[PDB]
>>> print(open('start.pdb').read())   # PDB, C-alpha atoms and all ligand atoms
ATOM      1  CA  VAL U   3       9.755 -12.075  14.883  1.00  0.00           C
ATOM      2  CA  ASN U   4       7.265 -12.162  11.993  1.00  0.00           C
ATOM      3  CA  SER U   5       6.726 -14.321   8.907  1.00  0.00           C
ATOM      4  CA  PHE U   6       7.936 -11.890   6.222  1.00  0.00           C
ATOM      5  CA  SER U   7      10.798 -13.459   4.248  1.00  0.00           C
ATOM      6  CA  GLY U   8      13.379 -12.275   1.740  1.00  0.00           C
ATOM      7  CA  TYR U   9      13.100  -8.551   2.427  1.00  0.00           C
ATOM      8  CA  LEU U  10      16.008  -6.158   2.210  1.00  0.00           C
ATOM      9  CA  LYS U  11      16.147  -3.996   5.335  1.00  0.00           C
ATOM     10  CA  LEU U  12      16.204  -0.303   4.432  1.00  0.00           C
ATOM     11  CA  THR U  13      15.882   1.270   7.904  1.00  0.00           C
ATOM     12  CA  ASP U  14      14.999   0.318  11.459  1.00  0.00           C
ATOM     13  CA  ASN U  15      11.364  -0.189  10.418  1.00  0.00           C
ATOM     14  CA  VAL U  16      11.140  -0.299   6.581  1.00  0.00           C
ATOM     15  CA  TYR U  17      11.760  -3.439   4.516  1.00  0.00           C
ATOM     16  CA  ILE U  18      11.446  -3.977   0.749  1.00  0.00           C
ATOM     17  CA  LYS U  19      11.066  -6.926  -1.630  1.00  0.00           C
ATOM     18  CA  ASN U  20      10.508  -7.512  -5.351  1.00  0.00           C
ATOM     19  CA  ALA U  21       7.176  -9.284  -5.031  1.00  0.00           C
ATOM     20  CA  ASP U  22       3.603  -9.384  -6.241  1.00  0.00           C
ATOM     21  CA  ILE U  23       1.648  -8.005  -3.275  1.00  0.00           C
ATOM     22  CA  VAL U  24      -1.218 -10.390  -4.106  1.00  0.00           C
ATOM     23  CA  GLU U  25       0.984 -13.486  -3.914  1.00  0.00           C
ATOM     24  CA  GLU U  26       2.789 -12.103  -0.871  1.00  0.00           C
ATOM     25  CA  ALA U  27      -0.499 -11.491   0.965  1.00  0.00           C
ATOM     26  CA  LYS U  28      -1.745 -14.992   0.116  1.00  0.00           C
ATOM     27  CA  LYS U  29       1.456 -16.513   1.527  1.00  0.00           C
ATOM     28  CA  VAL U  30       1.892 -14.421   4.678  1.00  0.00           C
ATOM     29  CA  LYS U  31      -1.753 -13.633   5.530  1.00  0.00           C
ATOM     30  CA  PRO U  32      -0.605 -10.444   7.283  1.00  0.00           C
ATOM     31  CA  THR U  33      -2.682  -8.644   9.862  1.00  0.00           C
ATOM     32  CA  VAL U  34      -2.886  -5.651   7.497  1.00  0.00           C
ATOM     33  CA  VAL U  35      -2.472  -5.398   3.733  1.00  0.00           C
ATOM     34  CA  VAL U  36      -2.555  -1.868   2.317  1.00  0.00           C
ATOM     35  CA  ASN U  37      -4.564  -1.172  -0.826  1.00  0.00           C
ATOM     36  CA  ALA U  38      -3.703   1.661  -3.217  1.00  0.00           C
ATOM     37  CA  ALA U  39      -7.277   2.923  -3.128  1.00  0.00           C
ATOM     38  CA  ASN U  40      -9.121   5.834  -4.684  1.00  0.00           C
ATOM     39  CA  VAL U  41     -11.723   7.926  -2.857  1.00  0.00           C
ATOM     40  CA  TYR U  42     -14.584   5.919  -4.387  1.00  0.00           C
ATOM     41  CA  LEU U  43     -13.039   2.538  -3.517  1.00  0.00           C
ATOM     42  CA  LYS U  44     -13.443   1.595  -7.190  1.00  0.00           C
ATOM     43  CA  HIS U  45     -10.834  -1.147  -7.475  1.00  0.00           C
ATOM     44  CA  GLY U  46     -10.449  -1.216 -11.223  1.00  0.00           C
ATOM     45  CA  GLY U  47      -6.741  -1.445 -11.941  1.00  0.00           C
ATOM     46  CA  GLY U  48      -3.266  -1.186 -10.547  1.00  0.00           C
ATOM     47  CA  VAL U  49      -2.721  -2.712  -7.125  1.00  0.00           C
ATOM     48  CA  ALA U  50      -6.395  -2.265  -6.197  1.00  0.00           C
ATOM     49  CA  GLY U  51      -7.644  -4.054  -9.295  1.00  0.00           C
ATOM     50  CA  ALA U  52      -5.270  -6.940  -8.603  1.00  0.00           C
ATOM     51  CA  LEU U  53      -6.153  -7.239  -4.902  1.00  0.00           C
ATOM     52  CA  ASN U  54      -9.862  -7.106  -5.651  1.00  0.00           C
ATOM     53  CA  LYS U  55      -9.559  -9.764  -8.376  1.00  0.00           C
ATOM     54  CA  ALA U  56      -7.835 -12.051  -5.869  1.00  0.00           C
ATOM     55  CA  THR U  57     -10.869 -11.715  -3.541  1.00  0.00           C
ATOM     56  CA  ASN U  58     -13.234 -12.774  -6.346  1.00  0.00           C
ATOM     57  CA  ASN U  59     -14.748  -9.225  -6.239  1.00  0.00           C
ATOM     58  CA  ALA U  60     -15.722  -9.540  -2.551  1.00  0.00           C
ATOM     59  CA  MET U  61     -13.534  -6.515  -1.782  1.00  0.00           C
ATOM     60  CA  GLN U  62     -15.530  -4.452  -4.295  1.00  0.00           C
ATOM     61  CA  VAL U  63     -18.887  -5.627  -2.909  1.00  0.00           C
ATOM     62  CA  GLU U  64     -17.841  -4.686   0.626  1.00  0.00           C
ATOM     63  CA  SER U  65     -16.420  -1.376  -0.613  1.00  0.00           C
ATOM     64  CA  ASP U  66     -19.611  -0.391  -2.442  1.00  0.00           C
ATOM     65  CA  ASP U  67     -21.590  -0.890   0.764  1.00  0.00           C
ATOM     66  CA  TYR U  68     -19.009   1.183   2.666  1.00  0.00           C
ATOM     67  CA  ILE U  69     -19.309   4.080   0.188  1.00  0.00           C
ATOM     68  CA  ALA U  70     -23.109   3.892   0.103  1.00  0.00           C
ATOM     69  CA  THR U  71     -23.100   4.356   3.888  1.00  0.00           C
ATOM     70  CA  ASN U  72     -20.189   6.744   4.430  1.00  0.00           C
ATOM     71  CA  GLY U  73     -19.491   8.560   1.177  1.00  0.00           C
ATOM     72  CA  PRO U  74     -16.069   8.910  -0.422  1.00  0.00           C
ATOM     73  CA  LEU U  75     -12.781   8.964   1.407  1.00  0.00           C
ATOM     74  CA  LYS U  76     -10.506  12.006   1.421  1.00  0.00           C
ATOM     75  CA  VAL U  77      -7.335  12.094  -0.644  1.00  0.00           C
ATOM     76  CA  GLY U  78      -4.741  11.324   2.012  1.00  0.00           C
ATOM     77  CA  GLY U  79      -7.295   9.364   4.039  1.00  0.00           C
ATOM     78  CA  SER U  80      -8.029   5.719   4.692  1.00  0.00           C
ATOM     79  CA  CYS U  81     -10.494   3.192   5.994  1.00  0.00           C
ATOM     80  CA  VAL U  82     -10.101  -0.278   7.492  1.00  0.00           C
ATOM     81  CA  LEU U  83     -12.142  -3.025   5.836  1.00  0.00           C
ATOM     82  CA  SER U  84     -11.900  -6.801   5.653  1.00  0.00           C
ATOM     83  CA  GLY U  85      -8.786  -8.431   4.268  1.00  0.00           C
ATOM     84  CA  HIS U  86     -10.947 -11.246   2.836  1.00  0.00           C
ATOM     85  CA  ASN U  87      -8.750 -14.227   1.840  1.00  0.00           C
ATOM     86  CA  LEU U  88      -5.594 -12.082   1.718  1.00  0.00           C
ATOM     87  CA  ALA U  89      -5.142 -10.645   5.229  1.00  0.00           C
ATOM     88  CA  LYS U  90      -7.056 -10.055   8.431  1.00  0.00           C
ATOM     89  CA  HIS U  91      -7.687  -6.421   7.457  1.00  0.00           C
ATOM     90  CA  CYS U  92      -7.240  -4.252   4.397  1.00  0.00           C
ATOM     91  CA  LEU U  93      -6.209  -0.650   5.015  1.00  0.00           C
ATOM     92  CA  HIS U  94      -7.492   1.238   1.962  1.00  0.00           C
ATOM     93  CA  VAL U  95      -5.233   4.298   1.669  1.00  0.00           C
ATOM     94  CA  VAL U  96      -5.759   7.071  -0.885  1.00  0.00           C
ATOM     95  CA  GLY U  97      -2.530   8.590  -2.109  1.00  0.00           C
ATOM     96  CA  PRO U  98      -2.750  11.539  -4.495  1.00  0.00           C
ATOM     97  CA  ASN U  99      -3.183  10.553  -8.154  1.00  0.00           C
ATOM     98  CA  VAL U 100      -0.854  12.776 -10.183  1.00  0.00           C
ATOM     99  CA  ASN U 101      -2.763  11.852 -13.340  1.00  0.00           C
ATOM    100  CA  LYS U 102      -5.744  13.642 -11.717  1.00  0.00           C
ATOM    101  CA  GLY U 103      -3.815  16.763 -10.657  1.00  0.00           C
ATOM    102  CA  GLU U 104      -3.830  15.998  -6.926  1.00  0.00           C
ATOM    103  CA  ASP U 105      -1.347  17.661  -4.574  1.00  0.00           C
ATOM    104  CA  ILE U 106       1.719  15.477  -4.011  1.00  0.00           C
ATOM    105  CA  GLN U 107       2.126  16.969  -0.521  1.00  0.00           C
ATOM    106  CA  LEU U 108      -0.859  14.786   0.422  1.00  0.00           C
ATOM    107  CA  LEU U 109       1.438  11.770   0.049  1.00  0.00           C
ATOM    108  CA  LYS U 110       2.803  12.337   3.563  1.00  0.00           C
ATOM    109  CA  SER U 111      -0.728  12.471   4.982  1.00  0.00           C
ATOM    110  CA  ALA U 112      -1.507   9.211   3.166  1.00  0.00           C
ATOM    111  CA  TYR U 113       1.500   7.453   4.708  1.00  0.00           C
ATOM    112  CA  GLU U 114       0.572   8.738   8.190  1.00  0.00           C
ATOM    113  CA  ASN U 115      -2.332   6.279   8.127  1.00  0.00           C
ATOM    114  CA  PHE U 116       0.208   3.442   8.338  1.00  0.00           C
ATOM    115  CA  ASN U 117       1.231   4.595  11.831  1.00  0.00           C
ATOM    116  CA  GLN U 118      -2.081   3.334  13.236  1.00  0.00           C
ATOM    117  CA  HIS U 119      -0.934  -0.264  12.593  1.00  0.00           C
ATOM    118  CA  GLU U 120       2.054  -1.992  14.158  1.00  0.00           C
ATOM    119  CA  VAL U 121       2.941  -4.057  11.051  1.00  0.00           C
ATOM    120  CA  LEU U 122       1.777  -3.740   7.434  1.00  0.00           C
ATOM    121  CA  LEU U 123       2.333  -5.210   3.994  1.00  0.00           C
ATOM    122  CA  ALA U 124       2.073  -2.365   1.501  1.00  0.00           C
ATOM    123  CA  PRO U 125       2.785  -0.983  -1.967  1.00  0.00           C
ATOM    124  CA  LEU U 126       4.449   2.354  -2.567  1.00  0.00           C
ATOM    125  CA  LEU U 127       1.658   4.908  -2.351  1.00  0.00           C
ATOM    126  CA  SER U 128       0.912   6.995  -5.436  1.00  0.00           C
ATOM    127  CA  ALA U 129       3.271   4.835  -7.547  1.00  0.00           C
ATOM    128  CA  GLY U 130       2.256   2.918 -10.661  1.00  0.00           C
ATOM    129  CA  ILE U 131      -0.884   4.257 -12.315  1.00  0.00           C
ATOM    130  CA  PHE U 132      -1.163   7.002  -9.672  1.00  0.00           C
ATOM    131  CA  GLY U 133       1.706   8.693 -11.525  1.00  0.00           C
ATOM    132  CA  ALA U 134       4.104   9.760  -8.767  1.00  0.00           C
ATOM    133  CA  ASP U 135       7.845   9.105  -8.750  1.00  0.00           C
ATOM    134  CA  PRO U 136       8.302   5.834  -6.798  1.00  0.00           C
ATOM    135  CA  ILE U 137      11.693   7.057  -5.538  1.00  0.00           C
ATOM    136  CA  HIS U 138       9.967  10.039  -3.926  1.00  0.00           C
ATOM    137  CA  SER U 139       7.234   7.777  -2.548  1.00  0.00           C
ATOM    138  CA  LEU U 140       9.848   5.573  -0.879  1.00  0.00           C
ATOM    139  CA  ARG U 141      11.537   8.632   0.638  1.00  0.00           C
ATOM    140  CA  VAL U 142       8.237   9.885   2.068  1.00  0.00           C
ATOM    141  CA  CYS U 143       7.469   6.406   3.401  1.00  0.00           C
ATOM    142  CA  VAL U 144      10.802   6.166   5.212  1.00  0.00           C
ATOM    143  CA  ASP U 145      10.475   9.687   6.612  1.00  0.00           C
ATOM    144  CA  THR U 146       6.824   9.295   7.717  1.00  0.00           C
ATOM    145  CA  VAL U 147       6.052   5.705   8.724  1.00  0.00           C
ATOM    146  CA  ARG U 148       7.329   4.714  12.166  1.00  0.00           C
ATOM    147  CA  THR U 149       5.623   1.320  12.387  1.00  0.00           C
ATOM    148  CA  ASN U 150       6.988  -1.786  10.664  1.00  0.00           C
ATOM    149  CA  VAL U 151       6.273  -1.667   6.934  1.00  0.00           C
ATOM    150  CA  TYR U 152       7.045  -4.404   4.404  1.00  0.00           C
ATOM    151  CA  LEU U 153       6.979  -2.905   0.919  1.00  0.00           C
ATOM    152  CA  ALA U 154       6.221  -5.064  -2.114  1.00  0.00           C
ATOM    153  CA  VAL U 155       7.449  -3.713  -5.453  1.00  0.00           C
ATOM    154  CA  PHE U 156       6.038  -5.627  -8.424  1.00  0.00           C
ATOM    155  CA  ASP U 157       8.481  -4.456 -11.091  1.00  0.00           C
ATOM    156  CA  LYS U 158      11.921  -6.039 -10.743  1.00  0.00           C
ATOM    157  CA  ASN U 159      13.551  -3.230 -12.703  1.00  0.00           C
ATOM    158  CA  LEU U 160      11.939  -0.656 -10.429  1.00  0.00           C
ATOM    159  CA  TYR U 161      12.864  -2.650  -7.321  1.00  0.00           C
ATOM    160  CA  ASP U 162      16.543  -2.620  -8.289  1.00  0.00           C
ATOM    161  CA  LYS U 163      16.463   1.120  -9.001  1.00  0.00           C
ATOM    162  CA  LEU U 164      14.805   1.880  -5.651  1.00  0.00           C
ATOM    163  CA  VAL U 165      17.442  -0.096  -3.754  1.00  0.00           C
ATOM    164  CA  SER U 166      20.411   1.226  -5.716  1.00  0.00           C
ATOM    165  CA  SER U 167      19.297   4.851  -5.320  1.00  0.00           C
ATOM    166  CA  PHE U 168      18.243   4.673  -1.667  1.00  0.00           C
ATOM    167  CA  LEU U 169      19.971   7.152   0.621  1.00  0.00           C
TER     168      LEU U 169
HETATM  169  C1  LIG Z   1      -0.350  -7.464  -9.579  1.00  0.00           C
HETATM  170  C2  LIG Z   1       0.455  -6.440  -8.875  1.00  0.00           C
HETATM  171  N1  LIG Z   1       0.912  -6.777  -7.609  1.00  0.00           N
HETATM  172  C3  LIG Z   1       1.626  -5.711  -7.120  1.00  0.00           C
HETATM  173  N2  LIG Z   1       2.215  -5.716  -5.910  1.00  0.00           N
HETATM  174  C4  LIG Z   1       2.864  -4.596  -5.620  1.00  0.00           C
HETATM  175  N3  LIG Z   1       2.983  -3.490  -6.389  1.00  0.00           N
HETATM  176  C5  LIG Z   1       2.368  -3.524  -7.618  1.00  0.00           C
HETATM  177  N4  LIG Z   1       2.500  -2.407  -8.380  1.00  0.00           N
HETATM  178  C6  LIG Z   1       3.465  -1.349  -8.125  1.00  0.00           C
HETATM  179  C7  LIG Z   1       2.741  -0.172  -7.495  1.00  0.00           C
HETATM  180  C8  LIG Z   1       3.502   1.089  -7.865  1.00  0.00           C
HETATM  181  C9  LIG Z   1       4.532   0.673  -8.909  1.00  0.00           C
HETATM  182  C10 LIG Z   1       4.123  -0.733  -9.369  1.00  0.00           C
HETATM  183  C11 LIG Z   1       5.336  -1.508  -9.820  1.00  0.00           C
HETATM  184  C12 LIG Z   1       3.123  -0.607 -10.517  1.00  0.00           C
HETATM  185  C13 LIG Z   1       1.640  -4.665  -8.054  1.00  0.00           C
HETATM  186  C14 LIG Z   1       0.890  -5.153  -9.162  1.00  0.00           C
HETATM  187  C15 LIG Z   1       0.593  -4.464 -10.393  1.00  0.00           C
END
>>> encode(input="start.pdb", output="C-alpha cells")
Amino acid sequence: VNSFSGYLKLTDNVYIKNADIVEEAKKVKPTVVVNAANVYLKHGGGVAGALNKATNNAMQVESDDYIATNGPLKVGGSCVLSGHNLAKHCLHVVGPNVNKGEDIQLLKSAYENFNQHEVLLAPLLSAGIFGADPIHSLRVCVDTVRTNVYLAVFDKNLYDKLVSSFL
C-alpha cells in the first residue's frame, strides 16, 4: 500500500491521473519523481522547467555541478539526483526530443531506467515539448516498465484521450 490517490489502474503496474506532477510530488513526497530532462540538465521549460521552479532553482544548481563533473547524459539515459522539496530522489531521464530529430526508438531505452526503482511518480517521456505522440509514449511505458509507475498527465483533454484510447 502506498500514498498515491485517485489514479486509474491501467495494468498490473501502471497507474494514471490527470494531475500537475509538481503539485502531486509536493503532496505525496514520493521516493522517486521522474524529470523529463535533456542531456545538459538545462531545466528551462516543460515538466523540467516546472519541477525546477518548484525547487526555487536548487535543482538547476545541483544539475550544473553534476554536468560540470560528469558531462552530458546520453539520450535514453538517466541520473539520480536529489528530489529537493518534492521527493527523496529525482530520476532525470532523457527521452528523445522529436523537435531535435532524435530517434524515437530511444524511448524504450529511456523507460528502461524506471526499472531500477520499485515505485515512481513520472510524466510521459518525450511528450509535451519533446514532440512525441503521448499515446505512443504510454504504450512504450506499459510495454517496458515493470516496476510500479504512477503517471501524471497535466492536460485534462490529453488525459481523457489517453484513457479512452488505451488498449
Ligand atoms: C506544470 C506541469 N506539470 C506537469 N505534470 C505532468 N505533466 C506535464 N506535462 C505533460 C508532459 C507531456 C504532455 C504534457 C501534458 C505537456 C506537466 C506540466 C506542464
>>> atom_distance(input="start.pdb", atom1="CA of residue 163 in chain U", atom2="CA of residue 118 in chain U")
29.0 Å
>>> residues_near_ligand(input="start.pdb", ligand="ligand LIG 1 (chain Z)", cutoff="9 Å", atoms="only C-alpha atoms and all ligand atoms", output="MDAnalysis selection string")
chainID U and resid 20:26 38 47:53 124:134 136 153:161
>>> resolve_selection(input="start.pdb", expression="the PyMOL selection byres (((chain U and resi 94) around 7) and not hetatm)", output="PyMOL selection string")
chain U and resi 36-39+80-82+92-93+95-96
>>> resolve_selection(input="start.pdb", expression="the PyMOL selection byres (((chain U and resi 74) around 6) and not hetatm)", output="list in words")
residues 41, 42, 69, 73 and 75 of chain U
>>> closest_residue(input="start.pdb", among="U:71, U:152, U:88, U:117", to="residue 56 in chain U", atoms="all atoms listed in the file")
U:88
>>> closest_residue(input="start.pdb", among="U:3, U:16, U:63, U:164", to="residue 148 in chain U", atoms="all atoms listed in the file")
U:16
>>> resolve_selection(input="start.pdb", expression="the PyMOL selection byres (((chain U and resi 109-114) around 10) and not hetatm)", output="VMD selection string")
chain U and resid 76 to 80 95 to 99 104 to 108 115 to 118 126 to 128 134 138 to 139 141 to 149
>>> write_last_selection(input="start.pdb", atoms="C-alpha atoms", output="PDB file, keeping the file's coordinate frame")
ATOM      1  CA  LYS U  76     -10.506  12.006   1.421  1.00  0.00           C
ATOM      2  CA  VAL U  77      -7.335  12.094  -0.644  1.00  0.00           C
ATOM      3  CA  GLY U  78      -4.741  11.324   2.012  1.00  0.00           C
ATOM      4  CA  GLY U  79      -7.295   9.364   4.039  1.00  0.00           C
ATOM      5  CA  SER U  80      -8.029   5.719   4.692  1.00  0.00           C
ATOM      6  CA  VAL U  95      -5.233   4.298   1.669  1.00  0.00           C
ATOM      7  CA  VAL U  96      -5.759   7.071  -0.885  1.00  0.00           C
ATOM      8  CA  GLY U  97      -2.530   8.590  -2.109  1.00  0.00           C
ATOM      9  CA  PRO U  98      -2.750  11.539  -4.495  1.00  0.00           C
ATOM     10  CA  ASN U  99      -3.183  10.553  -8.154  1.00  0.00           C
ATOM     11  CA  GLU U 104      -3.830  15.998  -6.926  1.00  0.00           C
ATOM     12  CA  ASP U 105      -1.347  17.661  -4.574  1.00  0.00           C
ATOM     13  CA  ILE U 106       1.719  15.477  -4.011  1.00  0.00           C
ATOM     14  CA  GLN U 107       2.126  16.969  -0.521  1.00  0.00           C
ATOM     15  CA  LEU U 108      -0.859  14.786   0.422  1.00  0.00           C
ATOM     16  CA  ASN U 115      -2.332   6.279   8.127  1.00  0.00           C
ATOM     17  CA  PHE U 116       0.208   3.442   8.338  1.00  0.00           C
ATOM     18  CA  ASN U 117       1.231   4.595  11.831  1.00  0.00           C
ATOM     19  CA  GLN U 118      -2.081   3.334  13.236  1.00  0.00           C
ATOM     20  CA  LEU U 126       4.449   2.354  -2.567  1.00  0.00           C
ATOM     21  CA  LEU U 127       1.658   4.908  -2.351  1.00  0.00           C
ATOM     22  CA  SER U 128       0.912   6.995  -5.436  1.00  0.00           C
ATOM     23  CA  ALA U 134       4.104   9.760  -8.767  1.00  0.00           C
ATOM     24  CA  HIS U 138       9.967  10.039  -3.926  1.00  0.00           C
ATOM     25  CA  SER U 139       7.234   7.777  -2.548  1.00  0.00           C
ATOM     26  CA  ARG U 141      11.537   8.632   0.638  1.00  0.00           C
ATOM     27  CA  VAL U 142       8.237   9.885   2.068  1.00  0.00           C
ATOM     28  CA  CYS U 143       7.469   6.406   3.401  1.00  0.00           C
ATOM     29  CA  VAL U 144      10.802   6.166   5.212  1.00  0.00           C
ATOM     30  CA  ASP U 145      10.475   9.687   6.612  1.00  0.00           C
ATOM     31  CA  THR U 146       6.824   9.295   7.717  1.00  0.00           C
ATOM     32  CA  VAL U 147       6.052   5.705   8.724  1.00  0.00           C
ATOM     33  CA  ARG U 148       7.329   4.714  12.166  1.00  0.00           C
ATOM     34  CA  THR U 149       5.623   1.320  12.387  1.00  0.00           C
TER      35      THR U 149
END
>>> residues_around(input="start.pdb", residues="residue 61 in chain U", least_positions_apart="6", cutoff="8 Å", atoms="only C-alpha atoms", output="list in words")
residues 54, 84, 85 and 86 of chain U
>>> atom_distance(input="start.pdb", atom1="CA of residue 28 in chain U", atom2="CA of residue 72 in chain U")
28.8 Å
>>> atom_distance(input="start.pdb", atom1="CA of residue 18 in chain U", atom2="CA of residue 60 in chain U")
27.9 Å
>>> closest_residue(input="start.pdb", among="U:137, U:43, U:123, U:35", to="residue 19 in chain U", atoms="only C-alpha atoms")
U:123
>>> closest_residue(input="start.pdb", among="U:10, U:83, U:89, U:100", to="residue 67 in chain U", atoms="all atoms listed in the file")
U:83
>>> axis_aligned_box(input="start.pdb", around="range 126-142 of chain U", padding_each_side="4 Å", output="lines of an AutoDock Vina configuration file")
center_x = 5.3
center_y = 6.2
center_z = -5.1
size_x = 20.9
size_y = 15.7
size_z = 22.4
>>> closest_residue(input="start.pdb", among="U:121, U:68, U:62, U:87", to="residue 5 in chain U", atoms="all atoms listed in the file")
U:121
>>> decode(input="start.pdb", residues="range 133-151 of chain U", atoms="N, CA, C and O atoms", output="tab-separated table (two decimals), in the first residue's frame")
chain	number	residue	atom	x	y	z
U	133	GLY	N	7.79	16.52	-28.22
U	133	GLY	CA	7.26	16.34	-29.56
U	133	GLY	C	6.79	14.96	-29.96
U	133	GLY	O	6.34	14.80	-31.09
U	134	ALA	N	6.88	13.96	-29.08
U	134	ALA	CA	6.40	12.64	-29.45
U	134	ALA	C	4.89	12.52	-29.21
U	134	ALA	O	4.28	13.33	-28.50
U	135	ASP	N	4.30	11.51	-29.82
U	135	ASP	CA	2.89	11.20	-29.61
U	135	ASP	C	2.70	10.64	-28.21
U	135	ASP	O	3.25	9.56	-27.91
U	136	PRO	N	1.97	11.30	-27.32
U	136	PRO	CA	1.80	10.75	-25.96
U	136	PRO	C	1.12	9.39	-25.93
U	136	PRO	O	1.36	8.62	-24.98
U	137	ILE	N	0.28	9.07	-26.91
U	137	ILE	CA	-0.31	7.73	-26.96
U	137	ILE	C	0.76	6.67	-27.16
U	137	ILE	O	0.76	5.62	-26.51
U	138	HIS	N	1.70	6.93	-28.08
U	138	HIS	CA	2.83	6.03	-28.26
U	138	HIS	C	3.68	5.95	-27.00
U	138	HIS	O	4.11	4.86	-26.59
U	139	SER	N	3.95	7.09	-26.36
U	139	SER	CA	4.74	7.06	-25.14
U	139	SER	C	4.10	6.18	-24.08
U	139	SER	O	4.79	5.43	-23.38
U	140	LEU	N	2.78	6.27	-23.92
U	140	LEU	CA	2.10	5.44	-22.93
U	140	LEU	C	2.23	3.96	-23.27
U	140	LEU	O	2.45	3.13	-22.39
U	141	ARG	N	2.11	3.63	-24.56
U	141	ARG	CA	2.26	2.24	-24.99
U	141	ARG	C	3.65	1.72	-24.65
U	141	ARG	O	3.81	0.63	-24.10
U	142	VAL	N	4.69	2.50	-24.97
U	142	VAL	CA	6.05	2.08	-24.65
U	142	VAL	C	6.23	1.93	-23.15
U	142	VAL	O	6.86	0.98	-22.67
U	143	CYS	N	5.68	2.86	-22.37
U	143	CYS	CA	5.77	2.76	-20.92
U	143	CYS	C	5.20	1.44	-20.44
U	143	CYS	O	5.86	0.68	-19.71
U	144	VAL	N	3.97	1.13	-20.86
U	144	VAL	CA	3.30	-0.08	-20.41
U	144	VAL	C	4.08	-1.32	-20.81
U	144	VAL	O	4.11	-2.32	-20.08
U	145	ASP	N	4.67	-1.30	-22.00
U	145	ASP	CA	5.37	-2.47	-22.53
U	145	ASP	C	6.83	-2.55	-22.09
U	145	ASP	O	7.51	-3.52	-22.45
U	146	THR	N	7.33	-1.58	-21.33
U	146	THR	CA	8.73	-1.55	-20.93
U	146	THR	C	8.91	-1.53	-19.42
U	146	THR	O	9.79	-2.24	-18.90
U	147	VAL	N	8.15	-0.70	-18.71
U	147	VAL	CA	8.31	-0.56	-17.27
U	147	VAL	C	7.62	-1.73	-16.58
U	147	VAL	O	6.45	-2.03	-16.86
U	148	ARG	N	8.35	-2.39	-15.68
U	148	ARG	CA	7.83	-3.49	-14.89
U	148	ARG	C	7.63	-3.12	-13.43
U	148	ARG	O	6.91	-3.83	-12.72
U	149	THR	N	8.26	-2.04	-12.98
U	149	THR	CA	8.07	-1.53	-11.63
U	149	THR	C	6.81	-0.66	-11.61
U	149	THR	O	6.13	-0.48	-12.62
U	150	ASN	N	6.45	-0.19	-10.42
U	150	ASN	CA	5.16	0.48	-10.22
U	150	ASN	C	5.29	1.95	-10.58
U	150	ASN	O	6.01	2.70	-9.91
U	151	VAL	N	4.61	2.36	-11.64
U	151	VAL	CA	4.72	3.73	-12.14
U	151	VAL	C	3.37	4.42	-12.08
U	151	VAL	O	2.35	3.88	-12.54
